[PDB]
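1. quick one, fold the following:
(chains A and B)
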Amino acid sequence: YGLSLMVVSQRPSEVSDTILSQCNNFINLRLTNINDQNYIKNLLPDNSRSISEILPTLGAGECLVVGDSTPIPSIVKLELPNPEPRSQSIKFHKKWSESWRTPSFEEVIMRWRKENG
Amino acid sequence: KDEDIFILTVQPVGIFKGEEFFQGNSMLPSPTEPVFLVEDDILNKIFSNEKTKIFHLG
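-> Numbering: from 1, shown residues only, chains lettered A, B, ... in the order given. What follows is the structure:
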């Protein structure tokens, strides 16, 4: 019917094996856990397992590509996108270095009861 | 051959270029390639971040 899935994860050993068994193309970044490496090796072909020993030593921007679309499993260096994704934290340490601030409790004790509850 | 030779075993931890440190190397040295020890200042530079809200541990 024309539908495809891209599954992104950082703990492969905690995802269902039913869905990960339908994957044909694998992009692997740095991994430092033995269980994850063993699971990936079991999922990956033997020739990739021979070169899989480079997973703990992979740097920044380099990924191991394995699958049918490539003639040989390889190591590829990518380039940064433009624009770049970014999250929104509150920087605990940076805020803790400022002066003392007093929140307005009168306003925040409201909105617990919008009109009468 | 009645001569003493001192041999060492080493394992890499990263690669640095210029005056900054990055994790991971993905490249390995070849035979006939020099080694140049290390100085105490570069360790201080690596383990002391430039601002970025440094927190001293020990």
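2. wait, does the helix or strand encompassing residue A:49 contact chain B?
-> Using DSSP states H and E, residue A:49 maps to helix A:46-51. No. Judged by C-beta under 8 Å from any C-beta of the partner chain, helix A:46-51 makes no contact with chain B; its nearest approach is 11.7 Å. Every residue, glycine included, has its C-beta placed from N, CA and C.
3. list the helices and strands that helix packs on?
-> Judged by 3 or more C-beta pairs under 8 Å, 6 or more residues apart in numbering or on different chains; DSSP states H and E, the packing partners of helix A:46-51 are strand A:62-66.
4. which neighbouring elements make contact with the strand it packs on?
-> In terms of contacts (3+ C-beta pairs under 8 Å, 6+ apart), strand A:62-66 is packed against strand A:26-28, helix A:46-51, strand A:74-77.
5. so which bits of the second one are buried?
-> Neighbour counts using 16 or more other C-beta atoms under 10 Å in any protein chain shown place A:48-49 of helix A:46-51 among the buried residues.
6. go on, the shortest one?
-> By neighbour count, with 16+ other C-beta under 10 Å as the criterion, the buried positions of strand A:26-28 are A:26, A:28.
7. given that strand, what are its sheet partners and their directions?
-> Take DSSP bridges as the rule and strand A:26-28 pairs in its sheet with strand A:62-66 (antiparallel).
8. the last one too?
-> Neighbouring strands of strand A:74-77 in its sheet, by DSSP bridges, are strand A:62-66 (antiparallel).
9. list the buried residues of the strand it pairs with.
-> A:62, A:64-66.
10. mind telling me what element the closest residue to chain B within chain A is part of?
-> In chain A, the residue that lies nearest chain B is residue A:59 (3.3 Å; C-beta to the nearest C-beta). Residue A:59 is part of no helix or strand when elements are defined by DSSP H and E.
11. what about the residue nearest to residue A:64 when sequence neighbours are not counted, distance to residue A:107?
-> Nearest-residue entry for residue A:64: residue A:28, 4.4 Å, with adjacent residues in sequence omitted and distances by C-beta to C-beta, 6 or more residues apart in numbering or on different chains. The gap separating residue A:28 from residue A:107 is 50 Å, by C-beta to C-beta, to the nearest Å.
12. now swap in residue A:76 and tell me
-> Counting by C-beta to C-beta, the gap from residue A:76 to residue A:107 is 54 Å.
13. who's more crowded, those two?
-> Neighbour comparison, residue A:76 and residue A:107: the larger count goes to residue A:76, with 11 against 8 (by other C-beta atoms under 10 Å in any protein chain shown).
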